[PDB]
């Protein structure tokens, strides 16, 4: 039962990198990157999303054999929470909001994950 850290990533559009790396180093945790394709060809979108997720993950200094990639479809908050439950995650690491939006001190997904996760949550600023 290695530690498992869930790292949701919005692939649309760096402070989380040092935090994920440091948290992973604590236990040599498994690091599960997740991207959610919002609802409303699917196999093609999933494939392109996985490729972009992997591109982003190259920025992180984590061993290859510790990184796992997930693509979900639907509500980002619902899927982040579902995966934190099913892994189960020992930690969720999430940015407080998108870097280019300051109106809200916590974004919606961050606020929901912080409140509803069954595990600890690190909100990164």
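Numbering follows the first chain given and starts at 1.
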Stretch with the higher entry mean CA B-factor, where the candidates are 107 to 115 and 21 to 29: 21 to 29
Higher-B stretch (mean Cα B-factor, as the entry records it), 88 to 96 or 64 to 72: 64 to 72
CA B-factor ranking of residue 42, expressed as a third of its chain: highest
CA B-factor placement of residue 3, once the chain's modelled residues are sorted into thirds: highest
